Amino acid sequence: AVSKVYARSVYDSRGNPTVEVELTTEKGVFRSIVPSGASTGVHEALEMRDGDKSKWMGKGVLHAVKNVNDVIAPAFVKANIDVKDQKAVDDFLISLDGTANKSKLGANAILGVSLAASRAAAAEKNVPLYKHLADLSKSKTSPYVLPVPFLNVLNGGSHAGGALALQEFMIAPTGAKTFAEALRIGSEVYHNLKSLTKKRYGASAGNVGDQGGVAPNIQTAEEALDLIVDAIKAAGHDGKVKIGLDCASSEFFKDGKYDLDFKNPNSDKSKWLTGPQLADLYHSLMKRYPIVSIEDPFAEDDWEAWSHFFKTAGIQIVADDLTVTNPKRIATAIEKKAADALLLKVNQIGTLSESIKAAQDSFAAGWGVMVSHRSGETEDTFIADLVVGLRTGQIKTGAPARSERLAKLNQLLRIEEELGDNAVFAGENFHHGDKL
C-alpha cells in the first residue's frame, strides 16, 4: 500500500528545474524524475512552467510540484490504489486532471507518479523493472531483446549552433554482436569524431551540444555525413555502423515550406523547399550514405508530405512530433501510411499506460518503436528498463558523453549482464526487434 506521495524540484542536464516524485510503500521509497524537451511538438501534453521571470529564467516547476503534494498526493493515498495495476493508477491520475492535454495538473506533475508507481510495483512482485514492464505490456520475455543504441554524435538544429538545419546525426552499431560491443564501438567512433572535428574546425569545435555530440559550424548535411563516415573508418568500424537522422523539420517549417537555413535571419525565401522538393534531397542523401532511419522528415501536421515520401522511402521512417506518443495521432499516421516507426517519449503523453498503449498499437500495425530520451535529461534511467521491457530493439538516448546519457547506456550494460543468454541483441533486426 502507498503511504506517501511527494514531489520536489531537481535540476535537469541543462540546469533547468524539473519534477522529481517519490512514492512510499512497505517496500521502501521509489523515485522517478521527469525529463524535458526543447524542440517540443505543439501537440505534446502540457509541461507546466511557473513563468516567474524573477526565478529560474521563468522555468520553475513550483506549480507542478504543488499539484502533486496538494492535489494528487492526498487523493492518491486515500484511494488506496494497487500499484501493480498500472492501468488503474493511470486512469485515476488522468481522471483527477480532467483535461485532454493534462493542462490542469500538468503532464510533468502526473508522469512522475505514474512512473514511480511502476517501480514500487516491481519491488512488490520482487522482479527487476524491465521484467515488470514486460508483464504490463504483455511482452515476450523468452528471450529478451537488447536494443541497438542510436547515438547522436553530431548535433545541429535550433539549439545547436551553426547553419546545420537537421537536428541529429546518429550512428547505430547494428553490426555489433552484443550491446556491450555496440556501445564500445560507439564510444570509439565518437572519440575519433571529436579528434577529427577538433583538427578540421578547431579545438573549440570539441565542446558538446545538449545531447553530448560535437556541434561544429557545419553548413550542409552532406558535410556532416562525410565527416561521420571518416570517423567510422578512422575508428576502424566500417561495415558495422549505420546512420540515423532526426530532421526535426517542424523546427524550420514556415509558411507551408521548409527553410534549410532557418538559423539565418536573412535566409533566401526563394531557396525554401516544398514537401516534394525536400523529399528529393533526402533521397539523394539516402543513396550516398548508409542511412537506415529518418525521423520527422516533414512537419508535425504536414500529412501529405509524409504520405508522399513513405511511398518510396525504403527505410525506417520515425514519427516524433507528428504522433507525440499519442495513440489517437498514431492511428491517423497508420491510416495515412505516413511512417512505420514510433519515437516513444513517456513525457509527450504523460502516463506509462498511454505510452505502452502507443507502443502496442504501433507493433500491431507492423511499426517499429524507438524508445527515446529528451534533450533535457536527468540521472533517471527509466527508459533503459522500458526499452528492454517493450522488446523494441532500438533506443536513442544520446551520444556516449554526458552522464544523463551514459546513465541509461550503463543501465543497459547491467541489464545485459544480468540476463546472460536469456537475451539477444537486435542488431540488424532493430526495426522489428519485437518480432525476434
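A residue's number is simply how far along the shown sequence it sits, counting from 1.
- In this entry, 221-229 shows the higher mean Cα temperature factor of the pair 168-176 and 221-229.
- Taking only CA atoms, the mean B-factor in the PDB entry is higher for 159-167 than for the other of 159-167 and 329-337.
- Ranking 245, 133, 203, 117 by Cα temperature factor from the entry places 203 first.
- When the Cα B-factors of 92, 363, 150, 253 are read from the PDB record, 253 comes out highest.
- Sort the chain's modelled residues by C-alpha temperature factor and residue 50 lands in the lowest third, per the entry.
- Among the modelled residues of the chain, residue 213 sits in the lowest third by CA temperature factor in this PDB entry.
- Residue-level temperature factors show residue 36 in the lowest third of its chain, judged at the C-alpha atom.
- Per the PDB record, residue ranking by Cα B-factor puts residue 98 in the middle third of the chain.
- Among all modelled residues in this chain, the alpha-carbon of residue 419 has a temperature factor (C-alpha) in the highest third.
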